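K.L.:
Any chance you could fold what I've pasted below:
(5 chains, ligands or ions: 4)
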Amino acid sequence: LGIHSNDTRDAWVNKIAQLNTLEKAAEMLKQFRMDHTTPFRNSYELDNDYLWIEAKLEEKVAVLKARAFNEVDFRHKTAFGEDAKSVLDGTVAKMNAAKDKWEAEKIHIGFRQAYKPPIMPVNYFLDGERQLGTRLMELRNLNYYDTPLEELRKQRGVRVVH
Amino acid sequence: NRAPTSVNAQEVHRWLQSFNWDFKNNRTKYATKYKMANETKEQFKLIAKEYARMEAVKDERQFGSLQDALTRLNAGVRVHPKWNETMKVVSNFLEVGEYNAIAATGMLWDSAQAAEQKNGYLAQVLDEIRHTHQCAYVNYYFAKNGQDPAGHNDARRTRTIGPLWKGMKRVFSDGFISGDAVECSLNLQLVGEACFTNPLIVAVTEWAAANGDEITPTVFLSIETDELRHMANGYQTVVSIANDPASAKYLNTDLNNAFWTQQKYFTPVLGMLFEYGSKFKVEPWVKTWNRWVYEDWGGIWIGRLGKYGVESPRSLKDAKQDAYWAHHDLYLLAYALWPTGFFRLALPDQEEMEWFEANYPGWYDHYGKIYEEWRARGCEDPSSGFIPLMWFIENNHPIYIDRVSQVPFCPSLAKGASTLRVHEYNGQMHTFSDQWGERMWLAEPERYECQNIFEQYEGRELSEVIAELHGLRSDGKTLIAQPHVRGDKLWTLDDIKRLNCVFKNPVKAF
Amino acid sequence: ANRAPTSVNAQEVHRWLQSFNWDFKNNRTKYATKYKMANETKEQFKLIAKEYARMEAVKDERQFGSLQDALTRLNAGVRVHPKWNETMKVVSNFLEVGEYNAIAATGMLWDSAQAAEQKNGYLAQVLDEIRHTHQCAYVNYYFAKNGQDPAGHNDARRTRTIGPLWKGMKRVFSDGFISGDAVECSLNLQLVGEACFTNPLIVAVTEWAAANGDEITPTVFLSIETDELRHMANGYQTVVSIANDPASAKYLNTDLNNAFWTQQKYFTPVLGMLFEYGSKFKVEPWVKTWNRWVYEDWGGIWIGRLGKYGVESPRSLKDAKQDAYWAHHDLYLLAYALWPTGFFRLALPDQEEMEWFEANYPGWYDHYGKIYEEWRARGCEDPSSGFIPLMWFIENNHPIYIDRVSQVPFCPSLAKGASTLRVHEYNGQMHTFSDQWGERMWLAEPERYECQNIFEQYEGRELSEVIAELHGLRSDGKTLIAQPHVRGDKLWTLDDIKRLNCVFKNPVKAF
Amino acid sequence: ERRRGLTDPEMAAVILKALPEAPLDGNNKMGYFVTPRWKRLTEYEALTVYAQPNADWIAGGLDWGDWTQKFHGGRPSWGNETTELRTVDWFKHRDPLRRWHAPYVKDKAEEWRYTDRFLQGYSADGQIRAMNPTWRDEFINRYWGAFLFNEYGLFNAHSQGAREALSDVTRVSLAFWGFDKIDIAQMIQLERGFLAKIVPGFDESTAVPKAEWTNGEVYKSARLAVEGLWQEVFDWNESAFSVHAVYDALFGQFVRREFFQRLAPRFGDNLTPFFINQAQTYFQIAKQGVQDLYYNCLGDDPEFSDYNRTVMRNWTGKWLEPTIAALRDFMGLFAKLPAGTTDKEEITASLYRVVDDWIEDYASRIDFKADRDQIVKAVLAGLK
Amino acid sequence: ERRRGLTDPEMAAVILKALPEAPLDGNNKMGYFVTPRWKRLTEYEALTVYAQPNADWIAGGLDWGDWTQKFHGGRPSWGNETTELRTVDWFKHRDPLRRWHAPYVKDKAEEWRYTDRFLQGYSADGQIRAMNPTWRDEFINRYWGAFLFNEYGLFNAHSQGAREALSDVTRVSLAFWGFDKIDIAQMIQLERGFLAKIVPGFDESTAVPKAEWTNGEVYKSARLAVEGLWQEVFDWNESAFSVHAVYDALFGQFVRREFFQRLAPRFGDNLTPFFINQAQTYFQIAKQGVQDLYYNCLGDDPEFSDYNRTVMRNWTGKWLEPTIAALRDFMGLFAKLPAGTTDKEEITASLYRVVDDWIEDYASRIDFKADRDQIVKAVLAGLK
Ligand SMILES: [Fe+3]
Ligand SMILES: [Fe+3]
Ligand SMILES: [Fe+3]
Ligand SMILES: [Fe+3]
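P.N.:
Numbering: from 1, shown residues only, chains lettered A, B, ... in the order given. Ligands and ions are numbered 1, 2, ... in the order given. Sharing the structure here:
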C-alpha cells in the first residue's frame, strides 16, 4: 500500500517487463486504455494507479516501436502498421459528419483511446486533437444552459443517488 | 559627423505588424471555437530589449531592498506567526498560478495571428516567468530568514498532502491551460486577473503590512506593476474575437463558466486565509468581496466589454448568495484536517471571536461554539488524542469533495450552500456541491476525473500518509502542520499514529 | 562551434600594468615633496577600470534599491528623532566635504606615485572618493526630500559658511588633505584620517543612527565602509614606498605627528559633541570610544604594524589623552552659546541626559549642568526672552577665542581641559593659540596659517545682518534655520535676533 | 494614516510577544530536496525546479493523481503524449548559464543600453561615411533585412514548446531561446531604422525585405524550411531540437557568420557586425542549453538513451535535407556581390568550417553519420 | 542584540512622541539655490554642484575668507593662479550626459559584462579562424599594442587636473575622462591577453609593443607629444584642452577610426573593432563634455570670451605642430601593410575626414584659422 509505490504498480511492472514483440506491447497498451482510461472505462479498479501503469506501457511500446520500424515508418505509421495520415483524415471526416454532441464526444474519446501515442506519431495525433477538439467544443457549447438538469441527467444516463 | 542618434522601441515596433507572412499552414495548433483577427493591435509598444530594461529596473529595486534594509531590520523574523504560516500557502499558490499563466499565455501566443498581439502575449509570458520566480523568492527568503522555515522550504512537494491544493491547482493550473484558448484567456486574464489576482495582490500587501511583513509588499507591489499589460492583453483577446459569429454563440457561456470556476474557489479560500490567517484585521472579507466582484469587475470592467457583446455572468447572483459564509465553512473543514496541511493553523482567540461576531452576526452560535468545543476537547494538546475530523465523524457530518471544483464541503453542517448531488455513472459515484459544477460535469464528464484525497487515501492511516509524502520536519518526528502557532508542545508523527485515524470514502455509504 | 568559451579577467590584465609606465627625463612628480616614492611598488588589489566599475555598481544598485523602495514605503525618513536629524545635517555635510577633498588629495598622490600599480591604487581611490561625495550628498538629499525638517539638509553647502565649526572642519578634511607635502597629505588622509577617525567613525555613526531610528544613514554609510580596505592598503603602500628613501628617517615622524595632531585637535571635541549631545539614545560614552580608537586600535595595532618602516607613535599622543576627556563638553558649551550661527537646531540636555552625563563624566554637573540650567532659567529657548548664551559669556567675562591654526573655538577661563592661551603680535596682527603644537606650527610656518576667524570677518556687524546676508533663514523668509531647541513651535525668527542687538567683537582687541 | 506591524509600537509589541525564541526548524534552505547538479544548490535550482505541479506519471513528478480539469475529449493539461522523447526525469535539465528571470533581464538590459550608447557614438562619429553605398543599399537593406523573417519564424516555432514543455527548467530554457530569436529579428529591424535615420534616401519600411523573403529566390527554401519547422511540427521537443540543432546550427550559422559577419567588413560596414556579434553571443549561449537538454539529459538518459538517440537521428535525417536546400538556394547570393569580393575557395572553406562545427557540436553527439564532403558538395551545387 | 529605533516599540514610541505635526520647512529640494542648466534642477546637479568649498575670491564660490592651511610658501589649496583661463563662475559647467558616479559606474559595468559575454561567444564560436595571421601577429600584437601606451600617457595627463580643478563639476568631468582613457588602454591589453589565450604562440607580454612605442619610428613623435602633454604642462586647463581638443581629436581619431577601425575589418578582424567601438563611444561622450566646458562656458564667457578664445587659440597653435608631427610619423605605418591593402586616395580621404571633423567640432568654435589643405599635405609629407 502506497501513494507512489505499491503492490499493483510492482505487479504491473513485472507484467510489462515480459513484452518482447511490438505487436503484443501495442495490443496490451490498447487494451489497457480501453479498460482503464476514460469515463467510459470498463472498470475503476486501477483508478489510483492506471496513469502510471499507462505511462510504463507507453515507454515500453515506444522503445519497441523505435527498434522495429525504420525512419519513414517511425514518422508516418502507427504501431499497428496503419498509415497515420489516413487514420487521422478518416477520424476527422467522421467527426465532421457527427450529428450531435454525444456522437462527437464518443468519436473523440475513442480516437484518444485507440490512437494516443506512442501508437500514433505525435504530429498526426496532435493535429487530430486540434481538429476534433474544435469540432467537439463547437457542438457542446451550443445552447449550453438550455437543457434543465433533470433532462440533462436523463441524457447522460446517470443514476441519481442523492 | 552628425547629431548623436539612436532608435527606440517604438520606432521598431512601428514595423512589427508586417513581420508575419501568409502561408497555407499559418494557423493555431490548438483547438478553438473562435477565430482571432489578424489586424489586432497592442496597447504597449514593446520590444525584447525595452521590456528587459523595464523589468531589470524593478528587479534591481526589489532585490536591493530585500538584501540590504529588510535583512538588516530582521523584517523576515518580525512577522506575526499566523501571517508567517499564511504566507506559505499564499506565496506557493500564487507561484503555481503564475507558472501555469506562463503556459496559458504560450497557448494564447500560439493562437494569435497578428504579430502585435503575439508580441503582447510574449511579453506577458516573460512577465509570468518573472512572477513565478518572485513568489518562489518570497518562499526562499522566508525560509532562509523566517521564524519557521518548514513549509516555506519544501512547499513544492508538501503541497500535495492537503485538500485545498487540488482546488488551487484547478483554478490556477488546469483552468488556465486546459480548454479552449479563449476560455483559458477568460480564466486567466478576463476573470482570474481583473477579478481576483490583482485586487488579491494589493489586499495581500495590505494585510501583510498590517502583520509586520515587509517582504511580501516589496515583492508583490513589484509584481502588480506588471498587471496593466496583462489586463490590456485580456481586453485585446476579447476585442480580437469580438467580430466573429462564434463569439455571439459561445463567448458568454465561456465567460460564465470561467467566472464560476474562479469564484467557487477564491471566495472561501481567500477570505479564510485573510481572516483566520492574520492577527490584525484590515477589512471583513464580505465587504472586500462585494467591492471586488460587484463594484470593480462586475460593474465597471464587464461593462467596458458591453460593446463587444460580453454580458454579466448569469451565476453572479448565485455567487453572491453563496459568498457570505463560504470561507468560515471552509476554515472549519480545513482546521478539522490540519494534519494534512503544510502550515500551522490557529483557533480564533477571544479578540478574533469578538471581531468575527461584530462583522458576521450569528457567527458565534455556530462556528464559535464548534471551535470552543474543539478547544475544550484538546484539539491543540498532543496528549489529548483528538483531531476535529473525529468530531465530524462522531456527529454524522460527512466531508465531501466537489468532483469539479475540488473544494471540500460539509452539506449537513454548512451555513452557506448546503446542497449535495450524488450521481453514479459507469460504476463510479460523483458528488457535487452546486448546480453549475454539476452541469459542467454532466456536459463533459471526461474533463473532470481527478481523484480526491478520500479516494487516494482510502483505507490508509493518517500517519502513514503524512510520513510517505514527507510531511515531517528536519528532526524526522515533528509534523510541519500544527493546530496552533506557538513554539512548544508540537505534534509528532507518534501523536498522529496514536489516534489511529484511517481515511474513508464518504460516498461508499450510499 | 570550434573552441571552448574563454574570457579575460581583471587579474590577467593587471599582471602587466606595472610595465605601462616608460622612462623619459621629465617623468617626475609635479608637486613639491621631500620624499621619493620608489617605482616597482606593488598594490594589494588587482583591479582594472571595468572590474572596479562592476563591483561598485553592484553596491550602488543594492543601496539605491534599498533606499527607493522599502525605506520610503516604511517612511524611515520621517521616523527619526529630531536631535538625530539635526546631527545628520552636520555629519553628512562635513563627511561630504571630507570625501570631496579626498578626491583632490588622492589625485595629488596619483600624480606623486611613479609605479603604475601605485598610480592605479590611487586612481581607484579617486573614483571611490567621488562615489562617497555623491553618497553623503545623497544622504542629505534624501533627508531633505523626505525628512521632518528639510532646512539645513537642503542648503548646507552655503549655510555651513556662517558658523565656526565649519572652519575647523575645512582645515581637517579640506586643507589638511590637499595643502602641503603629498606624503603629509596622505598621512592626514589615509594613515591618520581614515585609519584613526573616519574609518571607525562611519561604523560608530551607523550604530548611533540605528539607535535613533535612522535607517538611511546605515544604508549609505555601510556601503561607504565596504570600500575602506583599499584605502588602507593605499596608505600602507605610501608608507612602504617612501620607506627606503633616506628622507623618511628625517621627516616621516614629524609629518605623522603633525597630521595626528591636526586630525585629533578637531575630531576629539567635535565627534564627542555630535555623538553625545546630538542624540536621544546613547550607544557609548565618548571617552571609552576615543580611548579605544586612538590607543587600542590606531596607536596600537596600526602604528605597531607600521613601526617596522621607522614609524613611531606620535609624541603628542600623551597630550591628546590629557586634553581629550572634557574637550567635547567644552566645545558643545561654546557651540550652543553661538546657536544663531549654525545651520542646525540644537537642544539642551534633558533630565535623563543630564543624569547620564553625570554618571559617565563625574563632576560634569557642577560645571556644565549648572551652566545649562542657568541658561534655561534665563529663557535661552524662548524667543521673547531676549537672551542668547553668548550674552552670558560676555557678562561673566569668559571671552571666546579661535585657534589660529586649528580654527577650533575655545574659552580658556571656563574650559575644564587645556585652558592655555597664547597671544602673539607679529607684523601688526595678533594670533591666539590653544596648544604648544599649533603654536609651533604657526611659528615655523607663519605663511601657511592666515585664515580669518568669524570674530574678524564679522567684527562690528550685528548678528541678524550676518545671518540674513548669508541666507541663514528658512523658506518662510523670517524664521531661522538654527534654533535653540528641537520642538515644532516657538521657533526664533530674524526679528528676535535683531532685537537682541548682538554685535560681534574681536576678542583680541582687548590686548 | 496606516500603521505597520514592523514599525508601530503596539502592533510591534504584540508581534514580538507572539514570537518564539528560536526558529522552529533548523533547515533554512528552500528546495533542500532538489538534487544539485553542481557542488551545492544554486538560486536557479531553488527558485525553478519542481515549480511545475506534475504527477508521478510524468517522469520525475512529485505530486499524485490526475489533472483536475482537462481538455475537451480528455487531453491532459500536460502529458507524455505531446513529445516522442522519453526520459526518467524531466526535471534533470539544468541551464549551464543558470539564468532565471532576473539575470536574463539584467543581461539583456545591459546589452540594450550599450547598444543605445554605441548607436549614439556611431552616429556622432560619422562612421557611415566609409560604408560602401552598394552594400548598404542592396545587402543590408534587402537581404539582411529579409533574414529577420527567418529569425521571426524560428522565434514563433517556440510557441507550442512554451505551452507543452513538461518541465519548468525546460520551459524556462525554451522561452529564453525564443525570446532571443525575436530579439535578433527586432535588432535587424533596429539597424534598418538607424540607417534610415542617419542616411537620407534610406527607406526603413519592411516592404522590400519582406518581398525578398516571400518572393525571392535566395530565401525560398529557407522560408519553406522555417514554415515547416514552425507550423507543421506539433512536437515541442522536435521543434526545439530541429530549430537549434539542425536548421539554425547550419543555415543560420552560415548566413550570420560566413556571409554577413565575414563580408560586411570588406565594405566598411562595422555596424552590421555589431548586431551579428549579439546574435552570435545569443546563439552560443543557447547552444549550451540545447546540448545539456538533448545530449546530456535525453541522449545520455540512463534508461532511454538508445531510443532518444534513434529519435533524434531520425529528426536530423528529416530536417537536414531542407537545411541543405536552404543553403543551396542561399548560395545564389554570391552571384550578386561585386566581382572579386570572394572566390570559390573562401566560400568552400567557410562551408567546411560550418559543417565541421555542426558535426563536432551536434551530429556526433547522437551518433549521426554525416559525410562532410557529401554535404558541402550538395550545397555547392547551388553556387557553380 | 541591538535595539533599533525604527522597529523597537519603546524607542520608536519615544521618537514618535517627539515628532512634529508637519515638516518644519516646506522647501524639500536639496539644491533649490542652484541655477538649473535645464528646466528643472536634476539629481546630478543637486548632488554635485557647490560641493567644493570655494570662497568668493575664486569665481563662483559661496564661502568667505582664506584657506585654513596652505602650502609651504603660501600657495593656496586651490587658487586662480593654477590656470590661465578666467571665468565669472567655475560652477557653470554641466556635463551634457548628466553623469555622476552612480550612472557612470553603471554604464561601465554594463559594458564590462557585455564584453565578457562577447568574448565567450567569440571564442566558443571559433571566429579566430578567419583572421589573417599576418595582421594579428604584426599589427594587433605590435602596433595596436603600442597604442596602449599613448592611451596611458593621455590618462596620466589628468592628474594635475584631478588635483587642481577649480569646481566639482569640472573635477568630476576630468576624472571621468581620465578613467575612460585608462579603461581604453586596459582594453587593448585585455584583447592582447585574449588573443594569447585563443591563439597558441601569441605572446601577451607588453615587451614588443613597449619596445615599438619607446624605440620605434611610427610612434616616435606621438610618444614625444604624449610626454610633453603629460609631464611638461602645469596648467590643468591646458592639459585637458590640448589632450581632448587638439591632440586626441586629430591623432587618436585617425589612429582609431582611419587605420584600425578601417583596416582591421579588411583582414578578417572583428575583434579589434569591438574594442575600438567602445573607444569611439568614450571619445564622443568626452567630446560632448569638453565642448561644454571649453566652448559653452569658457569660450562663450560673458566677460572673458575674447581672452579665453585667445588663450585656447594659443594652446591650439602650440600643440598642433607636435600633433601634425605625430600624424606624419604614423603615416609610415602604411608602407608596412601588404601590397594592395590601401592606396593614397583612401588615405587622403580619411585624413581629410579627420581634419574636417576637427575643424568643425573644435577649431571653429574658438575662431582658430586652420587650413585643411595645409594640414593634410603636411601629414601626407611622410606617407612613404
Ligand atoms: Fe502574473
Ligand atoms: Fe498577469
Ligand atoms: Fe571616502
Ligand atoms: Fe577613503
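K.L.:
give the contact list for residue 115.
P.N.:
Went with chain A since none was named. A:78, A:87, A:91, A:125, A:128 (C-beta atoms under 8 Å, 6 or more residues apart in numbering or on different chains). Placement of C-beta: from N, CA and C, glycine included.
K.L.:
Not quite, go with chain B.
P.N.:
The contact partners of residue B:115, by C-beta under 8 Å, 6+ apart, come to B:16-20.
K.L.:
and the residue nearest the centre of chain A, what is it in contact with?
P.N.:
Closest to where the C-alpha atoms of chain A average out (C-alpha atoms, centre = their mean) is residue A:113, at 2.0 Å. Residues near residue A:113 by C-beta under 8 Å, 6+ apart: A:30, A:33-34, A:37-38.
K.L.:
List the buried residues of the helix or strand hosting it.
P.N.:
Using DSSP states H and E, residue A:113 sits within helix A:101-115. Neighbour-count burial for helix A:101-115 flags A:101, A:104-105, A:107-115 (criterion: 16 or more other C-beta atoms under 10 Å in any protein chain shown).
K.L.:
what about the closest residue to residue D:231 other than its chain neighbours, distance to residue B:17?
P.N.:
Once flanking residues are discounted, residue D:231 sits nearest to residue B:25: 4.2 Å by C-beta to C-beta, 6 or more residues apart in numbering or on different chains. For residue B:25, the distance to residue B:17 equals 20 Å [C-beta to C-beta, to the nearest Å].
K.L.:
show me where chain A has strands.
P.N.:
A:159-160 (DSSP state E).
K.L.:
returning to that earlier point: export the buried residues of helix A:101-115 as CSV, with columns for distance to residue B:92.
P.N.:
Formatted as CSV, the buried residues of helix A:101-115 follow (distance: C-beta to C-beta, whole Å):
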residue, distance to residue B:92
A:101, 38
A:104, 39
A:105, 36
A:107, 40
A:108, 35
A:109, 34
A:110, 39
A:111, 37
A:112, 32
A:113, 35
A:114, 39
A:115, 38
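K.L.:
so which of the residues you listed comes closest to ligand 3?
P.N.:
Ranked by distance to ligand 3 (C-beta to the ion), the buried residues of helix A:101-115 are led by residue A:112 at 71.2 Å.
K.L.:
now the helix or strand residue D:283 falls within and helix E:272-291, what's the angle there?
P.N.:
Taking DSSP H and E as the definition, residue D:283 sits inside helix D:272-291. Compare the direction of helix D:272-291 with that of helix E:272-291 by axes from the mean of the first three to the mean of the last three C-alpha atoms, to 10 degrees and you get 130 degrees.
K.L.:
Okay, buried residues for the helix or strand hosting residue B:498 please.
P.N.:
Using DSSP H and E, residue B:498 sits within helix B:493-499. Applying a neighbour-count criterion of 16+ other C-beta under 10 Å, one finds B:493, B:495-496, B:499 buried in helix B:493-499.
K.L.:
tell me the contacts of residue D:289?
P.N.:
D:95-97, D:173, D:176-177.
K.L.:
What subset of these is buried?
P.N.:
Buried members of those, counted by 16+ other C-beta under 10 Å: D:95, D:97, D:173, D:176-177.
K.L.:
which of those are the two that sit furthest away from each other?
P.N.:
D:97 and D:177 (11.6 Å; C-beta to C-beta).
K.L.:
wait, what's in contact with the residue most central in space within chain B?
P.N.:
In chain B, the residue lying closest to the centroid (C-alpha atoms, centre = their mean) is residue B:168, at 5.0 Å. Residues near residue B:168 by C-beta under 8 Å, 6+ apart: B:93, B:96-97, B:265, B:269.
K.L.:
Name all residues that make contact with residue 45.
P.N.:
You didn't pick a chain, so chain A it is. Contacts of residue A:45 by C-beta under 8 Å, 6+ apart are residue A:36.
K.L.:
Please refer instead to chain B.
P.N.:
Residue B:45 touches B:9-10, B:13-14, counting by C-beta under 8 Å, 6+ apart.
K.L.:
Tell me which two in these are the farthest apart.
P.N.:
Most distant of the contacts of residue B:45, by C-beta to C-beta, are B:9 and B:14, 9.7 Å apart.
K.L.:
Between these two, which has more neighbouring residues?
P.N.:
residue B:9 (21 against 15; other C-beta atoms under 10 Å in any protein chain shown).
K.L.:
Please verify my assumption that the more buried one contacts residue B:52.
P.N.:
No. Applying C-beta atoms under 8 Å as the test, residue B:9 and residue B:52 come out as separate, 10.5 Å apart.
K.L.:
tell me the helices in chain A, going along the chain?
P.N.:
A:7-16, A:22-36, A:50-68, A:71-76, A:84-96, A:101-115, A:122-140, A:149-156 (DSSP state H).
K.L.:
elements contacting the fourth one?
P.N.:
Packing contacts for helix A:71-76, counted by 3 or more C-beta pairs under 8 Å, 6 or more residues apart in numbering or on different chains; DSSP states H and E, involve helix D:305-330.
K.L.:
ok, and does the helix it packs on reach over to chain B?
P.N.:
No. Helix D:305-330 stays clear of chain B (C-beta under 8 Å from any C-beta of the partner chain), getting no nearer than 14.5 Å.
K.L.:
and that helix, what other elements does it pack with?
P.N.:
Counting by 3+ C-beta pairs under 8 Å, 6+ apart, helix D:305-330 packs on helix A:50-68, helix A:71-76, helix D:220-231, helix D:236-241, helix D:372-380.
K.L.:
buried stuff in whatever helix or strand comes next after it?
P.N.:
Later in the chain than helix D:305-330, the nearest helix or strand by DSSP H and E is helix D:344-361. Using 16+ other C-beta under 10 Å as the test for burial, helix D:344-361 gives D:346-347, D:350-351, D:353-359, D:361.
K.L.:
Pick out the most distant pair among the buried residues of helix B:493-499.
P.N.:
Among these, B:493 and B:499 lie farthest apart (C-beta to C-beta), at 11.0 Å.
K.L.:
Find the closest residue to chain E in the stretch 201-350 of chain D.
P.N.:
Closest contact between the stretch 201-350 of chain D and chain E, by C-beta to the nearest C-beta, is at residue D:265 (2.8 Å).
K.L.:
doesn't residue E:270 make contact with that residue?
P.N.:
Yes. Between residue D:265 and residue E:270 there is a contact under C-beta under 8 Å: 6.6 Å.
K.L.:
Mutual contacts of these two, please.
P.N.:
Counting by C-beta under 8 Å, 6+ apart, the shared contacts of residue D:265 and residue E:270 are residue D:273.
K.L.:
Kindly check the end-to-end length of stretch D:10-26 for me.
P.N.:
Using C-alpha to C-alpha, to the nearest Å, the end-to-end distance of stretch D:10-26 comes to 30 Å.
K.L.:
does chain E sit close to that stretch?
P.N.:
Yes. If you take C-beta under 8 Å from any C-beta as the test, stretch D:10-26 does meet chain E, through D:10, D:12-13, D:16.
K.L.:
Can you tell me the closest non-neighbouring residue to residue D:234?
P.N.:
That would be residue A:126: by C-beta to C-beta, 6+ apart, it lies 3.7 Å from residue D:234.
K.L.:
tell me, how many neighbours does the one you found end up with?
P.N.:
Per other C-beta under 10 Å, the neighbour tally for residue A:126 reads 23.
K.L.:
next one: the one 5 residues further on
P.N.:
As a burial measure, residue A:131 scores 17 neighbours (other C-beta under 10 Å).
K.L.:
now residue D:200
P.N.:
If you count neighbours by other C-beta under 10 Å, residue D:200 ends up with 6.
K.L.:
Chain E versus that one, what's the distance?
P.N.:
18 Å (C-beta to the nearest C-beta, to the nearest Å).
K.L.:
so that residue sits in a helix?
P.N.:
No. Residue D:200: not assigned to a helix; according to DSSP: H, G, I helix; E, B strand; the rest coil it is coil.
K.L.:
Residue B:2 versus that one, what's the distance?
P.N.:
Counting by C-beta to C-beta - residue D:200 and residue B:2 are separated by 11 Å.
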